[PDB]
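Examination of the molecular architecture
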Amino acid sequence: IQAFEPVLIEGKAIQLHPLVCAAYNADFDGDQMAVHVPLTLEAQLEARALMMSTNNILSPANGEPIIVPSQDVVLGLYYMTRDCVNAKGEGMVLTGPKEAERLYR
Amino acid sequence: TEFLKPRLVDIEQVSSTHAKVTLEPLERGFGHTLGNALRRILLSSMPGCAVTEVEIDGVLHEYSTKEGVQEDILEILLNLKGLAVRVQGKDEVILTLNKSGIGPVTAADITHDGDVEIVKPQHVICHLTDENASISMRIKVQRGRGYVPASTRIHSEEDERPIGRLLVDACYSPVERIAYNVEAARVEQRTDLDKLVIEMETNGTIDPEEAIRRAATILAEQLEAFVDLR
Amino acid sequence: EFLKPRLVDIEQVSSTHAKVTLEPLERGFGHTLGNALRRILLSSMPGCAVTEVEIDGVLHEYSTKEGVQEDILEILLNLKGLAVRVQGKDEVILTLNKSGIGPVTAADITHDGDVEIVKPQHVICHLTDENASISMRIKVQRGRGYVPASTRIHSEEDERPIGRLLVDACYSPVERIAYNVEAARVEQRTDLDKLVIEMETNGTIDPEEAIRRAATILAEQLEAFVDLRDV
Amino acid sequence: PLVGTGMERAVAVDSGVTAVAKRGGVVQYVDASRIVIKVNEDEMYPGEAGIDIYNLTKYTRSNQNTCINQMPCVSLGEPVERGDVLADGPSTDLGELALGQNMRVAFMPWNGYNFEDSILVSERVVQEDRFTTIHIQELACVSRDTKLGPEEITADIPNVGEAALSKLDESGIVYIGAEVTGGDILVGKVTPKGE
Amino acid sequence: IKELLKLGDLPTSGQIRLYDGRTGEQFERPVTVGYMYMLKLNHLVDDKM
Amino acid sequence: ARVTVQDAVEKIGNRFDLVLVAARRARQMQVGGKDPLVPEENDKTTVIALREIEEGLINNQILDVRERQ
Ligand SMILES: [Mg+2]
């Protein structure tokens, strides 16, 4: 159970942030989710302080992070960091990352 | 028929070289078409001035060492890449640097010529040590469009040049960084409309607003030939 | 100190398939203009299409006529594909009346001045009985994009006649757009490119008008950019 | 299916959803409600034979609230033999099982909109209306005999606006083809009150 | 399958190069495309919500 | 939206009576007996009270002194 700030969207499906799926053990194959509204003011304050997603990044079981990137993210990053022996722009010297982006894009 | 034209063009210019620009609301799908067109035009085709070649009085190859500069030659080339100069009338001009004594040789120490203005007088170039501190060089700056790497000129160097002719990468375009995000924005019933936030960092010379101005201007002059419904 | 693109020869291979060429394009603007045009064309071209139909002996989309083999719903599905060119008015009422055995094609529509039936051989229905007769009145509107019945249901506006049969409106004539930038040897220049945009349409919009309107829209948005208030 | 196994025709024929000819002959009359076939003289029974008529079934409610509609395949004057498939049942074409539809897929991650097993789809599929299904709900109004008196089905319904009656006939039943919405009065009934 | 693809004048490896329709730059490493037969299952969102 | 309350819990380390003092303050704010000491940016009164707590203007003792005054 976690609290989120809603953003109005079209459609009849709830949109769930990807990083938290691991925490929910949620899968997009017809799994459904329930949504409750805290009524009194103390409940609202409790939700925003104690239960909000950003406040729960470490698992209560062990200390390690729960929101680690799962599958697509890690694949993209892996592709990004691996190097190749020979390519375009071998061995030129750049003054910083900004022109690196200039060159790649 | 009747389209939806953008209003409320807000621009938050923190740190004059860094400008965030917000644009809403935009018809469906035009976010990416327009963002990408602008980005490519800004990045690839922009008239500017930049350092092209350099002659060192002391070293014949880029890996040799000059006595009394702790920084290697490559560091000097990298410092010269950052030089943002604006010349007014002449097309190609040759600046001379001659410095002695202890301390940081900065852009200000260049000989003050007529048409050329160095926007950043405090940009470090070299560090000179004690009692010898002899630095002399001739840097040629030219006008051009876009980005020109060293490799493409050095390829076509069958025209043999005297030793010391050190080629430098030409950074003509004044934009150092450009990016655009597109995000959802709804007019009270239609949700599939989008806002374009363009974050741009330039290299001092021109302020971002006017950069955008001439970018949009350029694309419009090319398009001008067909557009006639007015 | 620049170049500028001039619209050159526009080859027409078929009634639907067309090639449009732009010769003197500066380096780098090839892809920019290609993609911008592709987007505008595919997204924003205005066209006309049938919005609703009334046939006489049928209460609702799901019933069936004597002497026809298609269901009424399939008849609407056939009408959705009808390619028509309207010139002056915004809403036209076409009339189809056929009797006897035979395939009711699009050609049988009552010939009005302002409406052009692009593909007269396009079939609509098949009768199967000597005394079977079909009469119908098709209302055609102008619009852009894609509007389904269910959204327009909010604005019913006295849909009271049960004979009315609403059809989803695909207000868009262009089916496909591709572009190629290839080396344009100009007699006094080294590296120039020519853009060839080949477009496939249902044969209503002429290429020149499509390209002109697309360039117009893009130029308009750029105009919006030229001024910057900063106020 | 572009890629099948061949069993589709066996399944379609053997299920009772198709209409299959019992005595081969020639199709005399084709309509979108019935197919009438003239039997061939060879197989034609001598005494009191007549011709064969196949009445088709149009949109009815299945157990799952789906539509059960049969379409004719054949045209006027085509010869048919014993055991061929005249009319296609629900979700079958020309004798073959066609459960769904075959579309052009590309295997790639597209800005994490297909992040997990989720699927991205192009607007052309909804524009061309190829995944639109018809469903069918059944509703029942029962007028019993109470001991205070039988209830009535009349269209005279207390303190309802004529808007609600507009779509009702004089007998009190909606007109076939009328468009209704949630909360609209399907049929009018009054419970009698006594004492 | 390879033979049938060749007879149609398509890449024998069954993957083609694709251009991103939104931005226009080419994708590195061509991708697998082709037609697959898909079904819409009875789990329809309007009943679940 | 105020995505983290870490500084408010650093003000009162119990992390529970934080919720109580913030609820009392936000309840004095909603039923309009009091006024916010911070310029609101279209936040609701809960996030306003947390924003006030993190800036050090309000705690339990300030509530008690102001109430008796
Ligand atoms: Mg699941």
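Refer to the structure above for everything that follows.
A brief report on the enclosed structure follows. (Residues numbered from 1 in each chain as written, not as in the entry; some residues may be left out. Chains lettered and ligands numbered in written order. Part of a larger assembly, values for the part shown. Heavy atoms only, no water.)

Before going further, it helps to spend a moment on the sheet that holds strand β8 (residues 79-80) of chain D. Residue and element names in this part refer to chain D. Pairing in this open sheet of four strands is antiparallel, and the strands run β4-β3-β2-β8 from one edge to the other. With partners counted over all chains shown, the strands left at the sheet margins are β4 (52-55) and β8, one partner each. Both strand β2 (residues 25-30) and β8 contribute to a ladder of two bridges, which runs antiparallel. By the bridge assignment, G25 is partnered in β8 with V80. (Pairing = 2+ DSSP bridges. Helix = DSSP H or I, 4+ residues; strand = E, 2+ residues; numbered from the N terminus.)

Below, the discussion takes up the interface of chain C and chain B. On the side of chain B, 37 residues touch chain C, which itself brings 36 residues to the contact. In total, chain C and chain B occlude about 3700 Å² of area from one another, counting both sides; carbon and sulfur atoms represent 67% of this. When the area that chain C buries against chain B is broken down by residue, the three leading residues are C:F29, C:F225 and C:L228, summing to 18%. Across the chain C-chain B interface, the total number found is one salt bridge. Across the pair B:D228 and C:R212 runs a salt bridge, and its minimum N-O distance is 2.6 Å. Counting every contact that joins chain C to chain B gives nine residue pairs in polar contact. Those elements that place two or more of their residues in the side of chain C that touches chain B are α1 (29-44) and α4 (207-226) of chain C. Broken down by element, the side of chain C that touches chain B gets its largest block of residues, 12 residues, from α4(C). Here the residues of the side of chain C that touches chain B are counted per class, giving 18 nonpolar, seven polar and 11 charged. (Contact = heavy atoms within 4.5 Å. Buried area = accessible area lost by both parts, 1.4 Å probe. Salt bridge = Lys/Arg side-chain N within 4 Å of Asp/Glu carboxyl O. Polar contact = N/O pair within 3.5 Å; in protein donor to acceptor, adjacent residues only side chain to side chain. Nonpolar A, V, L, I, M, F, W, Y, C, P; charged D, E, K, R; others polar.)

Two numbers describe how helix α2 (residues 41-51) of chain A lies on helix α3 (residues 45-54) of chain F: the axes approach to 10 Å, and their chain directions differ by 55°. As the angle between them shows, α2(A) and α3(F) are arranged oblique. Relative to α3(F), α2(A) is oriented so that their crossing is right-handed. Between α2(A) and α3(F), the contacting residues are A:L41, A:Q44, A:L45 and A:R48 on the first element and F:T46, F:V47 and F:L50 on the second. A per-class count over the contact of α2(A) with α3(F) returns four nonpolar, two polar and one charged. (Axes fitted to C-alpha atoms, helices over the stretch in contact; angles between N-to-C directions. Parallel < 35°, antiparallel > 145°, perpendicular 65-115°, else oblique. Left-handed = near helix turned anticlockwise from the far one by under 90°.)

The next subject is the sheet that holds strand β7 (residues 71-72) of chain D. Ordered in space as β1-β9-β7 (chain D), the three strands form an open sheet in which the pairing is antiparallel. At either end of the open sheet lies a strand with only one pairing partner, and these are β1 (19-20) and β7 of chain D.

The subject of this paragraph is the packing of α1(C) against α4(C). Residues and elements named next belong to chain C. Across the interface, α1 lies against α4 with an axial gap of 9 Å and an inter-helix angle of 105°. Our classification of the angle between α1 and α4 gives roughly perpendicular. On α4, the residues that touch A36, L37, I40, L41 and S44 of α1 are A210, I211, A214, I217 and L218. Its residues placed into classes, the contact of α1 with α4 shows nine nonpolar, one polar and no charged.

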